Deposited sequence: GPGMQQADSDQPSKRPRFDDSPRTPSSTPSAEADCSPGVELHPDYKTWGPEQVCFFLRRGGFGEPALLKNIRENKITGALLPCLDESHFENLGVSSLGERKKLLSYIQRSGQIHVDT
């Protein structure tokens, strides 16, 4: 009796019922067009989604065009991480 294409689960995901036990769409082809939001997705895929870093990316309105021009002193404003991030951005696709 129920149309299977309009059907939904009866159980809805609830916060207090959904603990973590331990992608969706794609970026623009050229880095230059990225807003700070697309830059944050990019940074998170590299393992650099420290909540402080992405906050600065947003406050300082750092775009994708800007993203190649940066240094570890910027990244301070955890020396080992800054080296990896600097390396990540270097070796990347766009």
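**Q** Numbered from 1 along the deposited sequence, what ranges are absent from the coordinates?
**A** Deposited residues absent from the model fall in 1 to 3, 26 to 36, 92 to 95, 113 to 117.
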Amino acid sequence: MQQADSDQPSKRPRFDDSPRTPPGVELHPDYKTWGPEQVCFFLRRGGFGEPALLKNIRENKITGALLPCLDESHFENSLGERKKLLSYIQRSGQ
From here on, numbers count along this sequence of modelled residues.
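**Q** Would you determine, from the values in the PDB entry, which of 54 to 62 and 26 to 34 has the greater average C-alpha temperature factor?
**A** Higher mean C-alpha B-factor: 26 to 34.
**Q** Can you tell me which stretch has the higher mean Cα B-factor, 2 to 10 or 85 to 93?
**A** It is 85 to 93 that shows the higher mean C-alpha B-factor.
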